[PDB]
Amino acid sequence: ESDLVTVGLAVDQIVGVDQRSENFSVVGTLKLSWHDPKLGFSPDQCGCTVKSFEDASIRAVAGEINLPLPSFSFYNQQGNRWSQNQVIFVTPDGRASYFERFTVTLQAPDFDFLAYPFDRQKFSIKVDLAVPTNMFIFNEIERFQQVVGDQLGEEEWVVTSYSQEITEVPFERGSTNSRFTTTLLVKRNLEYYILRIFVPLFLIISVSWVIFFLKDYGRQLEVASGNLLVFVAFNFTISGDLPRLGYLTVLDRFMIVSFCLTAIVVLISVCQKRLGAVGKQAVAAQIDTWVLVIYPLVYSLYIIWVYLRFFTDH
Amino acid sequence: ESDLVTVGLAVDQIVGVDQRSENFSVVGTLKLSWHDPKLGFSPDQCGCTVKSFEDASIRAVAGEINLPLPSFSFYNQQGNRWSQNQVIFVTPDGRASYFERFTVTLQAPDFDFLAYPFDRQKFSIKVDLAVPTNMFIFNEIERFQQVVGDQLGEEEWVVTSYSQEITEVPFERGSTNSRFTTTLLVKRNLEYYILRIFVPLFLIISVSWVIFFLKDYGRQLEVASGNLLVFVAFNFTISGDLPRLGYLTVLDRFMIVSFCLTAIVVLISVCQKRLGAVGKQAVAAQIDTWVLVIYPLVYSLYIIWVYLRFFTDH
Amino acid sequence: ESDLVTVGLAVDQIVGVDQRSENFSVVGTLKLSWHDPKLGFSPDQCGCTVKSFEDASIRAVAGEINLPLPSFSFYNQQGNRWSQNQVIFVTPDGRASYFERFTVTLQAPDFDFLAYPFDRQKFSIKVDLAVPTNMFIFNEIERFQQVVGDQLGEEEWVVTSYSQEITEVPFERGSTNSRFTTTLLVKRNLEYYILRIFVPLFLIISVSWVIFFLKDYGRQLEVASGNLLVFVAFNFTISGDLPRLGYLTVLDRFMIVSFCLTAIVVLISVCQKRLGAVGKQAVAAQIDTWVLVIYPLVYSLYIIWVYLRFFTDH
Amino acid sequence: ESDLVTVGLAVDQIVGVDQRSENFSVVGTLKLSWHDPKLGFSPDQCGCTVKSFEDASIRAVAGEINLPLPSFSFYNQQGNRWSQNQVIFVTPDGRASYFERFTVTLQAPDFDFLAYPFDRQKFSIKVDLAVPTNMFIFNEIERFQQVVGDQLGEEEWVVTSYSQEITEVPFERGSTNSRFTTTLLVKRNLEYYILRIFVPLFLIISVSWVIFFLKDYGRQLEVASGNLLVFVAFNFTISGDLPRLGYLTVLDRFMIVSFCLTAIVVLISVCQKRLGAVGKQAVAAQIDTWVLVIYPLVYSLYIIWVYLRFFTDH
Amino acid sequence: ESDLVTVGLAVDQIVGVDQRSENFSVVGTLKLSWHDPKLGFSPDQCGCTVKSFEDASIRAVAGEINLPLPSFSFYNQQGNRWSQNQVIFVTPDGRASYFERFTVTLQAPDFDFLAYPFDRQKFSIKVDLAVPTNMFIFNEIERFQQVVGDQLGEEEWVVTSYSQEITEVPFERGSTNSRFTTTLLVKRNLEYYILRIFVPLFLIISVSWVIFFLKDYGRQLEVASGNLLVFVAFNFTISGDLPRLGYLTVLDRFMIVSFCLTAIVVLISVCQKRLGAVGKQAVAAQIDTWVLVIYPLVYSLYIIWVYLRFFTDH
């Protein structure tokens, strides 16, 4: 009669998603529990309510007790898995427990970013038992604590839904072993994005918009050129926040459109300066009044069009 | 009598072509199908129409069934190949199937970029069977779905033609095994290139062109110097989109020519300012009228010359 | 009767804490001492007060003496551990000693930076004996020299508290071995931070503050735009001192707020220039007097609010 | 009687010479030819004029024929060598052939750059046979095609002379094996250098030279400061084309001298502005006339001096 | 009777000292000489004055002669050691020789930079014999050629003193083997530093100093702001020449102080402009005369103070 083991898991943050690296990490907890009568012992010999061991994997205590124990290993791990606060509890009846904080580097496919704020992604963590079916079997999942695992603020990713389930996969020379896979769906956590990149662009565009109120023109033109230089420098300072890809991300569409518009502003300023100096100073005011109300309209139209094209059907 | 197996393949995107790294990746699908009577089974014992297994390579189920199965492995893969949605179907008659999504890191030569938009390149993926000829042989290729594999928008590369075929290569200690090689021809997907690099250069050149309309000269000169600074900064912001090579790419020819022309503009502006302040203000207008129509002509001539030299014979 | 060994340790600096690398290093000393009668020898044969060996680990001299010796190895080391000034002293009575300077690359979890100046962190170094319990056992810890290990100035980290203790962990095929773990708590050593990043920002903000005293407006506006460009460039020059993360660090909050304020300054300057040129030159002075005393107030309020939110309860 | 084999080689381009990496690559061809009567076969059985095999190294066909064959391997290769268009021809008489395109990553010393355009360097490729002397021996070198291997334009390096020769080196447990080493001498291919870095510096220096013609001084001074900023930015944009070294490269001497001269220009402009505003406007013209003819003289003298010091004796 | 061998070494340049990499390289020569009668041979059989072999390590010729030979290997080498011009000479009497140019990648601790021009450092290269004491022993050191090894100009490091000596270290299963360690002391070779970083800063500070001579103020203020921008950009262009560390290097102290002073200059310029426009134009000249002589004094005082604090006692 194979013994039955209950298992739970929880994730506190997921860090380091790189297109080139094709791998990531995860930090969380893990809990194992089962009952085997062979572990039982008389309290008279020990003289203690319970017995415990610290700072050792299941493999080591299994080797030292000379009894089989439910070892495991993550399916796709790379290098080594760090473990702190490892402990294992033994009760006189014969129950057991095991708690471990962990951090694993896992292997991942190549993602398809395209839409940058959207970035709906799937993450999966697989846990496998290193003993055949007859020795031990996963029975039921303990949905303890919060798989969301909110601690403070936010991290590089946020959770939106998840689901754990268990299966059986083939083992060596016949037989099988239990598997326990958790699947996650995540979102880019756009708070940092809106608060760091979009607001400075809004201000830098708005200043170039407002310089049109002037009645002189030379100062207007000088300010326009200076602001275009500042816009180029700002576009640079983002730098490594737009990973080197082949195709276009919506951020890139916005950057290109804003840059073209600012260059148009400087061209219009030169033309207005000449028109004013020639003598037809009346029509310059008309052109100013046209542009003042043309710009916000076109920006709204472009935002709406991009929304329709990239966030719904058709 | 060696059993016969039909195989198909399809590619959805090819990412990460680096001159230094000398390797790339590919993500796609794979399908295998064959028929062996030994797999047959009476429905009375199973009580099911079909039998299936999930999330295991061919090697594992082959080891657990204790029957030979058509395993495989990519010819030049590096590290590990990621697999999702693996499944294998067994029918009571004795047929079989196998579907697997995959992503492989392959080894590649050193390319010769030279012409940057042109970049005609050849990519090849090789699939080999890990069993001798007597056990299994590739028979015919299933041209299923679309080897083009268009999903949405575009990716770092596009497909223009392809061709699959099968051969035989030597195996260990005599005998041979089947091989199935797909060859691709690709193009740089210039849409991102024209929409991100060429249009901003066109605007930045055009503004410096238009400042000549002015009749004052000090403001013209100041604007010219500012625009040359902006052009240098923009040339920088492209940055890592022009990989560090030894030789010249057509983009570099264009950048150098545009920079030289803008420096010429600032020199001409200084000379015109002096000529105007000296007293001969009439000839300055003549020089302006000459330059206004000289520039577009020379740009057209240079574009045509480069086309003739680098895109056809002689 | 297992022989008893006393052990001490000290750390001189800890370098290279990288979020991506997930590892660090440490340089310090180490001392081992114990007594076994078998090592004793008659001074008549040697003719020397003491006997010594140089530049060899414990393993080598243990192999060459053909007597067991207390070897060790760090628990999580990577690659190789560099050793200089290795020496081992043998006294005629039978005592021993061993001194070694060292530098180890250790494995570390993924940290959670969030608050950048705060960065309370935990570092741990584990030393294990490579012989079973019966051969040798750690007895007591020699708290020699200074675990703080102050040498000159400061380094990338500073020490605030520590504690060493010994335990027992399972070994191969039964039995156990001694362990000796030192734990550290560290602080970011904010001196470099305040002296390099904060003072230049204070000056760059202050200059933009002071330009308001002017009575002309065109020069004020030009200076404001120039200063905003300088602020962007300075924000860049810090560059790699703000590691590429997902979330917000308090430095980023400060940068964003300062940038928004400077853009507001340039907008206000344009509006003031128009108001002055229109004819209502009196109210411009009122606006200047308002802003002059509004800015420092808002900066103080923001500093206080951030302190309350991120450095105490609630 | 050891069979005799003739061998040829050719190189089409050499890429990736990095001081830090201490290694490079090479892409070219290779040809092997020899005659052994054991390979002979009667055309009646085959019914074909010749027999061929494709896409396999010599080792594989040697293992499958069960006859010894002249295998080889590059002496210092790293990782794996890529091979395309591999083929081997067998004639009824008993002759043989083998053609292979290849690309190898080789190990290299640390070079001493110093003079950057000069960079005389030595490259060597070694080919070794993996069978003892008795089995096979290199006899004569086939100087086929062009070891220069010019295809189109140029690449990161150019060839100036070469020489191939064969020797014998010790093998395992007595005996020796043939070796075939090709040596190359290369040049930096300065065309890209002169056309991308030197011409923009010439224009940027020339504009600052020409601004002196002016008679006003404020505009002259503003232009001078702007041009010095542009020169700094340009010096940056080269960036990774000047590898991080300790010592000085001739490019660095030129950059430093040009920068110092431009700073001198701005100082002279300030002094001239003050001298003009004081009242002694006559001597300012004399200073202008002095500088106008001083600068080109000093540049010519410096170019000549550097030539004499770093390109000939003494 | 163990044979005696004389050994010499020389170093031509040491390259690649990186704080993060914790390793470096070295390129130099090596010479070995000894005499064993077994190598003797009658000239009648050979018919040659001497016998030689080329391009093979000691191990290979030792394996092929079937006689013991003094092999060696560097103590801390990583990867592979490149060898060119290897040769070994055998004389009829029985003498021997061996010359080899080499380049080795060695392992190194983590250095403590602090003072950047000072950087007194210790480098050590260890050579070990791979045969026990009875076979061969290092006897005396040949101080041939120049351990300084000056060739042309300078390299990333310079030599100031050195000392070689030999010892004995334990070997496998008893016995020992000879060791030969060379120790070096090096200096940063400040010539490049003073000629590339310090002179441009001196000029950039001096121009901002000299602009005070002016009598107008608007132009002075504009120039001051422009020069501060140029100073920021220049501080950037050094970039990777100041490695990312935690603590302060003397270069950083100088940069921060200069930046603060230039910001003070721009503040003073604004205040002077207002004071002049208000009407009290006399005191502005007094302030100019004060600053003109205040600045050089404070710079001299700061240089002296830093010298006293960081280059001597107390």
# chains A, B, ... in the order shown; residues from 1 in each chain; ligands from 1

$ select_by_dssp --residues "range 107-240 of chain B" --states "alpha helix (DSSP H)" --output "ChimeraX atom specification"
/B:191-193,199-210,218-238

$ closest_atom_pairs --of "range 21-122 of chain C" --to "range 250-263 of chain C" --cutoff "8 Å" --atoms "only C-alpha atoms" --output "JSON lines"
{"residue": "C:114", "atom": "CA", "partner": "C:250", "partner_atom": "CA", "distance": 7.5}
{"residue": "C:115", "atom": "CA", "partner": "C:250", "partner_atom": "CA", "distance": 5.8}
{"residue": "C:116", "atom": "CA", "partner": "C:250", "partner_atom": "CA", "distance": 6.4}

$ write_last_selection --atoms "N, CA and C atoms" --output "compact mmCIF listing (two decimals), in the first residue's frame"
# COMPACT_ATOMS: atom_id res chain seq x y z
N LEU C 114 13.82 47.31 -3.40
CA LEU C 114 12.84 48.32 -3.02
C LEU C 114 13.56 49.57 -2.53
N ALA C 115 13.42 49.91 -1.25
CA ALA C 115 14.13 51.06 -0.70
C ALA C 115 15.63 50.92 -0.90
N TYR C 116 16.22 51.86 -1.64
CA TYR C 116 17.62 51.76 -2.05
C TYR C 116 18.61 52.14 -0.95

$ residues_around --residues "range 281-292 of chain E" --least-positions-apart "5" --cutoff "12 Å" --atoms "only C-alpha atoms" --output "list in words"
residues 206, 208, 209, 210, 211, 212, 213, 214, 215, 216, 217, 220, 261, 264, 265, 268, 269, 270, 271, 272, 273, 274, 275, 276, 297 and 298 of chain E

$ select_by_dssp --residues "range 177-232 of chain D" --states "strand (DSSP E)" --output "list in words"
residues 177, 178, 179, 180, 181, 182, 183, 184, 185, 186 and 187 of chain D

$ write_last_selection --atoms "C-alpha atoms" --output "mmCIF file, in the first residue's frame"
data_model
loop_
_atom_site.group_PDB
_atom_site.id
_atom_site.type_symbol
_atom_site.label_atom_id
_atom_site.label_comp_id
_atom_site.auth_asym_id
_atom_site.auth_seq_id
_atom_site.Cartn_x
_atom_site.Cartn_y
_atom_site.Cartn_z
ATOM 1 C CA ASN D 177 51.994 12.340 -37.512
ATOM 2 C CA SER D 178 51.920 14.895 -40.290
ATOM 3 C CA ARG D 179 51.218 18.579 -39.680
ATOM 4 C CA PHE D 180 50.340 21.349 -42.128
ATOM 5 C CA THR D 181 50.523 24.937 -40.880
ATOM 6 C CA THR D 182 49.521 28.049 -42.816
ATOM 7 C CA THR D 183 50.773 31.441 -41.655
ATOM 8 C CA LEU D 184 49.205 34.777 -42.554
ATOM 9 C CA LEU D 185 50.131 38.436 -42.244
ATOM 10 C CA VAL D 186 47.299 40.941 -42.144
ATOM 11 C CA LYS D 187 46.470 44.646 -42.209
#

$ interface_residues --of "chain E" --to "chain C" --cutoff "9 Å" --atoms "only C-alpha atoms" --output "number ranges by chain"
E: 20, 107-110, 112, 114, 168-176, 218, 221-222, 225-226, 228-229, 232-233, 235-236, 239, 244-248, 252-253, 256, 259-260, 263-264, 266-267, 270-271, 273-274, 277

$ atom_distance --atom1 "CA of residue 305 in chain B" --atom2 "CA of residue 159 in chain D"
29.3 Å

$ closest_residue --among "A:23, A:145, A:33, A:85" --to "residue 100 in chain A" --atoms "only C-alpha atoms"
A:85

$ atom_distance --atom1 "CA of residue 120 in chain E" --atom2 "CA of residue 18 in chain E"
14.8 Å

$ atom_distance --atom1 "CA of residue 10 in chain A" --atom2 "CA of residue 125 in chain C"
27.3 Å
